[PDB]
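Engineer: show me the folded form of this:
(chains A, B, C, D, E, F, G, H, I and J)
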Amino acid sequence: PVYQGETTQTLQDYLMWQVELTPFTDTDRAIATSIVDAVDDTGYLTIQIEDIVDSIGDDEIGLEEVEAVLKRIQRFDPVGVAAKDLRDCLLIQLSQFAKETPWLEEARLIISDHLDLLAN
Amino acid sequence: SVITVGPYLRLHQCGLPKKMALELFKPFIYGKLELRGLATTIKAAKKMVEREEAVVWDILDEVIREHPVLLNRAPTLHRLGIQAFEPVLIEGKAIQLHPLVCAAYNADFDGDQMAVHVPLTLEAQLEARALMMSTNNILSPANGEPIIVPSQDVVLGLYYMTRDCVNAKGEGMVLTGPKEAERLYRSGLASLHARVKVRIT
Amino acid sequence: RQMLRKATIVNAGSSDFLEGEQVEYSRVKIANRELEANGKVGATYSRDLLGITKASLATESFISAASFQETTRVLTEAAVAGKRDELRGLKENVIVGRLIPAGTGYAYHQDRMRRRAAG
Amino acid sequence: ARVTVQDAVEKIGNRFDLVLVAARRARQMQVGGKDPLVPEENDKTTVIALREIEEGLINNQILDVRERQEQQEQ
Amino acid sequence: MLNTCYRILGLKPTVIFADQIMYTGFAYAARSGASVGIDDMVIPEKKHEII
Amino acid sequence: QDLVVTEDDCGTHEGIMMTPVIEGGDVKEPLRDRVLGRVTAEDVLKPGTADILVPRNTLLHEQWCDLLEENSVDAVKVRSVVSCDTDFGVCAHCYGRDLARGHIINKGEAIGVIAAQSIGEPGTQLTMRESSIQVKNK
Amino acid sequence: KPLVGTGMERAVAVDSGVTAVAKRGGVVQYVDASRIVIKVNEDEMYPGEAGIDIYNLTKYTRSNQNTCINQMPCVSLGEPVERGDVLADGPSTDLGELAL
Amino acid sequence: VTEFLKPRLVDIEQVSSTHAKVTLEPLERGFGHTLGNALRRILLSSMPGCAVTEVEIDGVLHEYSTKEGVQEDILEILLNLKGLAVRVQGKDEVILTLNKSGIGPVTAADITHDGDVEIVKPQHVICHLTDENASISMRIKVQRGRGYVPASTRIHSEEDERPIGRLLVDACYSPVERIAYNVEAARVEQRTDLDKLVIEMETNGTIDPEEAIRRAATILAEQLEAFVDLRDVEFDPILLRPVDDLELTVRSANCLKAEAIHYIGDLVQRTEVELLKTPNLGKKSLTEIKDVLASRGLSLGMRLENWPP
Amino acid sequence: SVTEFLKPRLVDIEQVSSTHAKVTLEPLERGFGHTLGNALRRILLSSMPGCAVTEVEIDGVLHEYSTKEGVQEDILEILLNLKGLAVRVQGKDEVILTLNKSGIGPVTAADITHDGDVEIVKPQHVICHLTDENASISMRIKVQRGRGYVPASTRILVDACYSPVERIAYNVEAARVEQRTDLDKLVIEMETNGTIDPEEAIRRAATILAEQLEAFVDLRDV
Amino acid sequence: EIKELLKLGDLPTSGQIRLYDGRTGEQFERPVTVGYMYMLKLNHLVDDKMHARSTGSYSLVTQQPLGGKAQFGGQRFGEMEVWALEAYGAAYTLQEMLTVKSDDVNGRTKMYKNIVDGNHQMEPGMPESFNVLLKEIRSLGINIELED
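Structural biologist: Numbering: from 1, shown residues only, chains lettered A, B, ... in the order given. Dropping the coordinates below:
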């Protein structure tokens, strides 16, 4: 017949693929999937960060613990994946750039603030 | 890949194209680059492998140093159709093959398609080295006779180099025994010189 | 040897409702019967040759009885009798994918058969 | 470096469990924690295990005694 | 010869002998230069009479 | 395929008789390579009575066949795989040493897989197929 | 060209329908890598026509097995060509004969 | 007795522009073959010479296209320019221009003549013109080399210097194209009986026979200089940034200075379970270190082999 | 760089015995290979300064086949065994030596009279294997400075072997330095009879080959 | 006629000729036949069939890779291959080739993880083809389930 429905990846399985390769502990791996699964296909994540802390089901775990795990992923396949609230995404992308860039400090200065005016 | 011949290999070698590599031992090269520090992350190692720099070929040579591989042909009636070999990188797109093991695969050098399998786990490599290695099975499992015996060209050479004549060039004289090779590359004796006395140990 | 199996008997041997049983089972049975208590009640077996393509169906491991023949048929058979395979044949360990007892792994399966009484 | 395996088959004799005894020996060197007794010549641990076994120093009985000693000394 | 060698001397020396035999056979077959021509075969002169 | 080796010695004495094959004119296969691979039985006696050559369990290691050829022995008791002193499989002192290794076969080997395949590999066969007496010797 | 030769190679090549022929062959006026014109003589032409024939060569066109189908000319300038003679040579051809 | 004799370069014969026979009369027995066969292969293996590397034509863009006004398409012109013999003096690279417009064929003589460029074959045709309004203008680059270098090799050699309108061809760089030898009894009779060999060759025309012979002899001597005396008997880890700019919150710097922690290297090859065995630093400090290294140390995941100072 | 060819940077030379040699070179330019190998072999095998025995005036029948005279040693083996006796001469020409010993048994090389112009690499070299202790024997051998290898049929008793080497062979393999992965590497396996170091023999062969051509180069690099 | 045409061209009538050696530089003692024959190129090349892979995309049925020359496809490991391995002792190789790199979904990922890390271990688990088979058998009036 034709039951050879070839499968694929695309930043859900691909994102998860990278998760395993890196050295993340059980508590960290578990958390990783939670945030890597809330990543809307269109671009960034859906829910807020605090949401994620509440959906772990813990009290000893603070934002800091999840911050790292959610910060580590910011540098995976597509630099900028799972960013949340635009600004952080763009900002990160400028971090992996060479510091010997002429408009490095300028861009960064207008990225942290004074964005509204630029938008106009 | 198409099977060719190689006269410089030994009983436990096989010519593996460099282009066929870097795709089969891919997780191995990834781990090598990750342990050597030249690959900070996995995406970095993948990018370096995709660009095919100079360092990945050396890493591949280091990894494939003593990693056994196995060969297989599509028509495999007996168990000799699947043996193991030590892969050696050779520039090209065809897989070389030992002339003596050819009889084992029953080939005629009109190269068809072949198969090259890579053992991943340690025990699989141990089995390929101790049981599937060509230097272990020399006799046939059907009658207990050797099958690695030479073929037409070797037979023809050995038969031409061992032939007696009547009146050769410089026959009759006595020789030491290791001196016959010297007069072969010169003009003082023929290979087919009969009635020659030479001591041997 | 793979053709002269499934011998026939003419005596009861505590199996009077059976004609043409496996050679191994009958032999070992006798070996346990003539020594334990008494060998008066035995069975005088008469070995009868059997075809090759007819012997392949004589397998206790129904799972290794499908590919060699008309699968559906054997399936119905196993639905009527309701037997167990217990994974005794190499092919069965291949279909399941478990470590087969051949060459080296045979040791593993030996150990698994030796320490199975305790757990 | 070693080509043949006959140098180590006669020690075991069976050759059917040679892969098993060589597996636990090389697994230690692969996972980290033990040091090869035989000096290495830039070779993979899969060949080093067999080269150590072919010397008589490594076998099925010695490894069990070593494991028992390491477990009792912990 | 190789059979008797495997029987008596062992496996490794047999493999060594085999590869050396292959090497020297290829070498002497290249050095010889065997070729097949139209003169290398001759019809018997009494063939027409037999026919 | 279900034949596996799981026993060392069968512990039997049935055996078979091995004689060279002869068809009308001469002998096609003498008793030199037909019993060499397997193990001989206990009933092995020299042509001279009250004299033994090899003990009961003796594996021909390509050294006693020459002595058997010197004494010109015709009938040699040899064990085969028709032995019923086994539960599941064949022992090791029965199959002999018909392998590429040269030594006695070990337990766990796949005799059933080597056979039925070593006889099926040669697939080069073709399909669709009293008063006079003359001898060379006497 | 097959220096050895086996026979009607020219015939096979001209009948394989892979080359171009010159119907009503007269005189050649313009030759090009893709266009060839031929001026037919007064005898082999009928009234009501200018008296020219045009052949557009096939250069690098795909086949059923991704094999390029290229053509090459044979006359240089002002050469008399008879009827039925081969004008253009296609793939595996040489001066009108077959060359595999 | 040692010091048998030494050969002398004499009796050079130039029959034609290509054929030339150089002979060496004096030589010792058992040296003619080992000299001729050794010189022949070196002469044929590597030899300097000029050839066509690339051609850029104004009209035609790629070789897989036809042009009007010319009889042949641009496939054979490149093949004829490949075997175009030409010598270059002084410099290596030239951009010689070929321009023509007419009704006849284009040879190798009707080309822009340069001071260093010299054409040895003026009757070498390159194409044929069939139209009155036909014109051909192109620019050829000619350089020097030793052996056969295809175009695929030079494809990757040029990173981005590949505009539209310039195609590349394969270079030969072997201007010898025929060389053979033969030995025969010499004419010397006052001394012991000797022989002599004669180097016969059919050349392309660019290089000279005596110059090629002396160059091959020089190469053979420079190669034997490696046999005269026999033995007279970078890769580093990328992460090497200093311990600074790591955002030491409270006691990270104190722990790095007390425990003799390296710059950035040894901190990555540490496990979370073994790190807690250190004196109390704080879970908040550990999380801060992890968050900081998430951009520099990359989650502290690595197990390297060695760390040199 | 069309005038600078790649030269071997490393030269790994290792020996098994005092006369054995398994020299291994480094990957040179592509193509030299067998040419250089065969050139070195031909130069070190066809002609080389040396010395050996040319004939023997033994005290007996002048014919090549004579009686054993109670020595138990064949006269043909005597002429063959004298061939493998390396002689070292400083500057003297063809010279005649002799020997005379009783029937103590084996006749070694030390039995020859000691001369300042003739040296033996090994005095333990056996000449005769047995003797009946009745009568002595005079060799009356003679050595001559020569080159190459001339047999006894052309020279008109014992064919001399002036070549100080005993066996020579070369083998070409593959070796890589860069992505090119195509270079030739040569390994030279040889065996010397004595009186000359194998490395020193290769050195002398290389010097002879380089000195063989000095005028056709037209004195390059002036 | 061929011998006459050969003698016409000022060359040996026999056809054989003494060739020299291009490596050593010596001459062959036996003459070798020379001439110009005709050669034909064929369609089956090596740069059109050669392909290799380690990880790609597999089907939804039994989670197996592709067989043909897709973007990344494998080759069928038939019964003639395993019959060769059962008579060797490749049980572990068979065990790693039957489930880990063919059918097992989590198995291939864990194997990839262990090879990237440098552990070189194997976890058998259970292939997907047997589960597909059980699901297809349960579709009829037949009961089958794994027991202990």
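
Engineer: now the strands for chain H?
Structural biologist: Here chain H has its strands, by DSSP state E, at H:10-14, H:19-24, H:49-57, H:86-87, H:97-101, H:118-119, H:135-145, H:167-168, H:179-185, H:195-202.

Engineer: mind putting those strands into TSV with distance to chain J and mean neighbour count?
Structural biologist: C-beta here means a position set from N, CA and C on the backbone, and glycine is covered the same way. Formatted as TSV, the strands of chain H follow (distance: least, C-beta to the nearest C-beta, whole Å; neighbours: other C-beta atoms under 10 Å in any protein chain shown):
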stretch	distance to chain J	mean neighbour count
strand H:10-14	23	12
strand H:19-24	16	18
strand H:49-57	22	22
strand H:86-87	29	21
strand H:97-101	34	15
strand H:118-119	33	16
strand H:135-145	23	18
strand H:167-168	21	18
strand H:179-185	9	14
strand H:195-202	12	19
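
Engineer: what is the burial count for residue 33?
Structural biologist: Since no chain was named, I'll use chain A. Other residues near residue A:33 come to 12 when the count uses other C-beta atoms under 10 Å in any protein chain shown.

Engineer: wait, chain J
Structural biologist: Residue J:33 has 15 nearby residues by other C-beta under 10 Å.

Engineer: cool, residue H:280 as well?
Structural biologist: 8.

Engineer: picking that back up, of all the strands of chain H, which one is nearest residue J:80?
Structural biologist: In terms of C-beta to C-beta, the element of the strands of chain H nearest to residue J:80 is strand H:167-168, at 49.0 Å.

Engineer: so residue A:50 sits in a helix?
Structural biologist: Yes - secondary structure of residue A:50 (DSSP: H, G, I helix; E, B strand; the rest coil): part of a helix.

Engineer: skip the chain neighbours and tell me the closest residue to it.
Structural biologist: Counting by C-beta to C-beta, 6 or more residues apart in numbering or on different chains, residue A:50 lies nearest to residue A:63, which is 7.1 Å off, once chain neighbours are set aside.

Engineer: residue H:166 now?
Structural biologist: residue H:56 (3.8 Å).

Engineer: give me the secondary structure label for the most centrally placed residue in chain F.
Structural biologist: The centre of chain F sits closest to residue F:35, judged by C-alpha atoms, centre = their mean, with a distance of 3.4 Å. Secondary structure, three-state DSSP: residue F:35 is coil.

Engineer: tally of neighbours for the residue of the stretch 1-150 of chain H found nearest chain B?
Structural biologist: Of all residues in the stretch 1-150 of chain H, residue H:30 sits closest to chain B, at 8.4 Å by C-beta to the nearest C-beta. Residue H:30: 18 surrounding residues under other C-beta under 10 Å.

Engineer: same check on residue H:252?
Structural biologist: 21.

Engineer: so what's it up against?
Structural biologist: H:246, H:281, H:285, H:288-289 (C-beta atoms under 8 Å, 6 or more residues apart in numbering or on different chains).

Engineer: how close does it sit to residue B:31?
Structural biologist: Per C-beta to C-beta, to the nearest Å, residue H:252 is found 31 Å from residue B:31.

Engineer: near chain H, which residues of chain G?
Structural biologist: G:30-34, G:57, G:59-60, G:72-73, G:76-77 (C-beta under 8 Å from any C-beta of the partner chain).

Engineer: identify the farthest-apart pair in those residues.
Structural biologist: That would be G:60 and G:77, which, of the residues of chain G next to chain H, are the farthest apart (C-beta to C-beta) at 24.6 Å.

Engineer: helices of chain F, residue ranges please.
Structural biologist: Remark: helices assigned in chain F by DSSP state H are F:64-70, F:92-95, F:111-114.

Engineer: out of those, which gets nearest to chain D?
Structural biologist: Among those, if distance is taken as C-beta to the nearest C-beta, the winner is helix F:92-95, at 10.6 Å.

Engineer: still on that earlier bit, contacts only, for the residue nearest to residue A:50.
Structural biologist: A:49-50, A:53.

Engineer: now do the strands in chain J.
Structural biologist: Using DSSP E, strands in chain J cover J:16-17, J:32-33.

Engineer: tell me which of these lies nearest to chain A.
Structural biologist: Of the strands of chain J, nearest to chain A by C-beta to the nearest C-beta is strand J:32-33, at 54.6 Å.

Engineer: could you tell me which strands that closest one is paired with, and in which direction each runs?
Structural biologist: If you go by DSSP bridges, strand J:32-33 pairs up with strand J:16-17 (antiparallel).

Engineer: quick check: closest non-adjacent residue to the closest residue to chain E within chain F.
Structural biologist: Among all residues of chain F, residue F:62 sits closest to chain E, at 6.2 Å; criterion: C-beta to the nearest C-beta. Computed as C-beta to C-beta, 6+ apart, the closest residue to residue F:62 that is not its neighbour in sequence is residue E:7, at 6.2 Å.

Engineer: what's the helix or strand hosting the one you found in contact with?
Structural biologist: Following DSSP states H and E, one finds residue E:7 within helix E:2-8. The contact list for helix E:2-8 (C-beta under 8 Å, 6+ apart) reads B:138-139, B:145-146, B:148-149, E:13-14, E:17-18, E:21, F:62, F:102.

Engineer: now the residue of chain D found nearest chain F: how far from chain H?
Structural biologist: Using C-beta to the nearest C-beta, residue D:16 is the residue of chain D that sits closest to chain F, at 4.7 Å. From residue D:16 across to chain H, the span is 36 Å (C-beta to the nearest C-beta, to the nearest Å).

Engineer: shouldn't that residue be in contact with residue F:108?
Structural biologist: Yes - counting by C-beta atoms under 8 Å, residue D:16 does reach residue F:108; the two are 4.7 Å apart.

Engineer: and the two most separated of the contacts of residue H:252?
Structural biologist: Maximum distance among the contacts of residue H:252 (C-beta to C-beta): 13.9 Å, for H:246 and H:281.
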